[PDB]
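Q: PDB author numbering applies: residue 1824 is where the sequence shown begins, and numbers increase by one.
Just so it is clear, CB atoms sit at the ideal spot from N, CA and C, and this is done for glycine as well.
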Amino acid sequence: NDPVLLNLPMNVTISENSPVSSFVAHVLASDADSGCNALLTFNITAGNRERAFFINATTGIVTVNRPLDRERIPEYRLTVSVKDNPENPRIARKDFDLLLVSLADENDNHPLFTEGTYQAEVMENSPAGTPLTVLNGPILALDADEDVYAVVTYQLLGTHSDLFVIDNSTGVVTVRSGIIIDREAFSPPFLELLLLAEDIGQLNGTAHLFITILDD
Ligand SMILES: [Ca+2]
Ligand SMILES: [Ca+2]
Ligand SMILES: [Ca+2]
Ligand SMILES: [Cl-]
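1) Under 8 Å Cβ to Cβ from residue 1862, same chain only, skipping five residues before and after it: list those, please.
2) Could you check whether the Cβ of residue 1895 sits closer than 7 Å to any heavy atom belonging to ligand 2?
3) Between residue 1932 and ligand 2, is the CB less than 7 Å from at least one heavy atom?
4) Using the C-alpha atoms, what's the distance from residue 1827 back to residue 1854?
5) Should residue 2021 be listed as close to ligand 2, given that the test is whether its C-beta is under 7 Å from any heavy atom?
6) Would you identify the three-state DSSP class for residue 1984, choosing helix, strand or coil?
7) Between the segment 2015-2028 and the segment 1977-1990, are three or more C-beta pairs nearer than 8 Å?
8) Count the other CB atoms, across all protein chains shown, that sit within 10 Å of the CB of residue 1915; report buried if there are 16 or more and exposed otherwise.
9) Using a Cβ-based criterion (distance less than 7 Å to any ligand heavy atom), does residue 1869 qualify as near ligand 4?
10) How far does the beta strand (DSSP E) with residue 1850 in it reach, from first residue to last?
11) Could you compute how far the alpha carbon of residue 1879 sits from the alpha carbon of residue 1930?
12) Reducing DSSP to helix, strand and coil, say where residue 1915 ends up.
13) When the Cα of residue 1840 is compared with those of 1943, 1883, 1895 and 2007, which residue comes out closest?
14) Answer yes or no: the CB of residue 1892 versus the heavy atoms of ligand 3, is any distance below 7 Å?
15) Between residue 1891 and residue 1875, what straight-line distance do the alpha-carbon atoms span, to the nearest angstrom?
16) In three-state DSSP terms, what is residue 1999?
17) Whose C-alpha, out of 1832, 1857 and 2020, is nearest the C-alpha of residue 1974?
18) Please state if the CB of residue 1847 and the CB of residue 1903 are separated by a distance shorter than 8 Å.
Now the structure itself:
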């Protein structure tokens, strides 16, 4: 008959930060079917995108071969082959099956605001809950990580930040209650604030928020 892959098909999760030559899997085989017990050669025949993986041809150990990135290629479908090496290379008896490599998400990305500087305006005397008018799209930071490491919370900083509240989940900025804004109070009538976006690993990004206080 044939040699046999014993532990394939197999699913394994490794860190997207697994360094080059770190262990991924040990592929096991037997040639007890045909009863020959001939010497076995392993190889990866398909799915090996940019040769990100390396299989030791005598031991069947699969190692990381290039830097990995869940954000670039999150999953590999590797076809592993085992063959005997008889005098004629067409007597060659073979078996083929799948080693599926999932990359577990590492927190290697930080929240990036959609703008370096947001341009905003608030009318003086505006009541509590009045949102900023933000003229370059909504306040938004995006974190490229998968799910848990991509949840963003927002804070607002600088002198006269206390006139406003930020929803620490949506990034929406509103006038704080008990505060009414007098344009004549401010020299100049123009605030330079800092927006801060943080993931649960405390990796953050920042953006300027420039606010014109308008007349009425
Ligand atoms: Ca990555
Ligand atoms: Ca990641
Ligand atoms: Ca992150
Ligand atoms: Cl391929």
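A: From the atom records:
1) Excluding sequence positions up to five before and after residue 1862, its CB lies within less than 8 Å of the CB of 1907 and 1908, all in the same chain and listed in chain order.
2) Checking the Cβ of residue 1895 against ligand 2 gives no.
3) Yes, the Cβ of residue 1932 comes within 7 Å of a heavy atom of ligand 2.
4) Each residue's Cα considered, the two are about 6 Å apart.
5) Incorrect: residue 2021 has no Cβ contact closer than 7 Å to ligand 2.
6) Three-state DSSP puts residue 1984 in a helix.
7) Contact between the segment 2015-2028 and the segment 1977-1990 is present, because at least three Cβ pairs lie under 8 Å.
8) Answer is exposed; the Cβ neighbour count stays below 16.
9) Yes, Cβ of residue 1869 sits closer than 7 Å to a heavy atom of ligand 4.
10) DSSP places residue 1850 outside any beta strand (DSSP E), giving it a letter other than H or E.
11) About 31 Å.
12) Three-state result, residue 1915: coil.
13) Answer by Cα proximity: 1895.
14) No.
15) Rounded to the nearest angstrom, the gap between the Cα atoms of residue 1891 and residue 1875 is 7 Å.
16) Residue state, collapsed to three classes: coil.
17) The shortest C-alpha separation from residue 1974 is found at 2020.
18) It is not a contact, given that the beta carbons lie outside the stated cut-off.
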